[PDB]
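Okay, structure first, notes after.
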RNA sequence: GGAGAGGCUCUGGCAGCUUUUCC
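Residue numbers (PDB author numbering): 443 to 523.
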């Protein structure tokens, strides 16, 4: 259960974005990809990243749709980029 | 019997299992 995700310190630091999601075991599978683009991932992209669990991957797509939303609204800080 | 700290595993939770630590 996340509470923010739209946070520039988490968005710049993918491990700590994923800490707030209990997915920080897959932090190396989701690293090498910046937040701005990670969010645009697909279910197929996630299983090719290393996100083989169904629960995991579905919860990335959720987490992702939220941040994207705030990106498309511009409510995010310039320090996330 | 209870709590803390790692490792692992999805069904992704103050989840489960496991290894340790303290009582």
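Even for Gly, the Cβ is constructed at its ideal location relative to N, Cα and C.
(request) State the CB to CB distance for the pair residue 526 and residue 488, rounded to an integer number of angstroms; the pair is presumed to be in contact (CB under 8 angstroms). (result) Because residue 526 is not part of the residues shown, which for the chain are 443 to 523, the question remains open.
(request) Since I believe residue 447 is in contact with residue 522 (beta carbons under 8 angstroms), could you give me their beta-carbon distance rounded to a whole number of angstroms? (result) Between residue 447 and residue 522 the Cβ distance is about 11 angstroms, and since that is not below 8 angstroms, they are no contact.
(message) Looking at residue 509: is its Cβ nearer than 8 angstroms to the Cβ of residue 453?
(response) yes
(request) For residue 445, count neighbouring C-beta atoms within 10 Å of its own C-beta (all shown protein chains included) and say buried if the count is 16 or more, exposed if not. (result) exposed
(request) Identify the continuous alpha helix (DSSP H) that holds residue 467 and give its terminal residues. (result) From DSSP, residue 467 is part of no alpha helix (DSSP H); its letter is neither H nor E.
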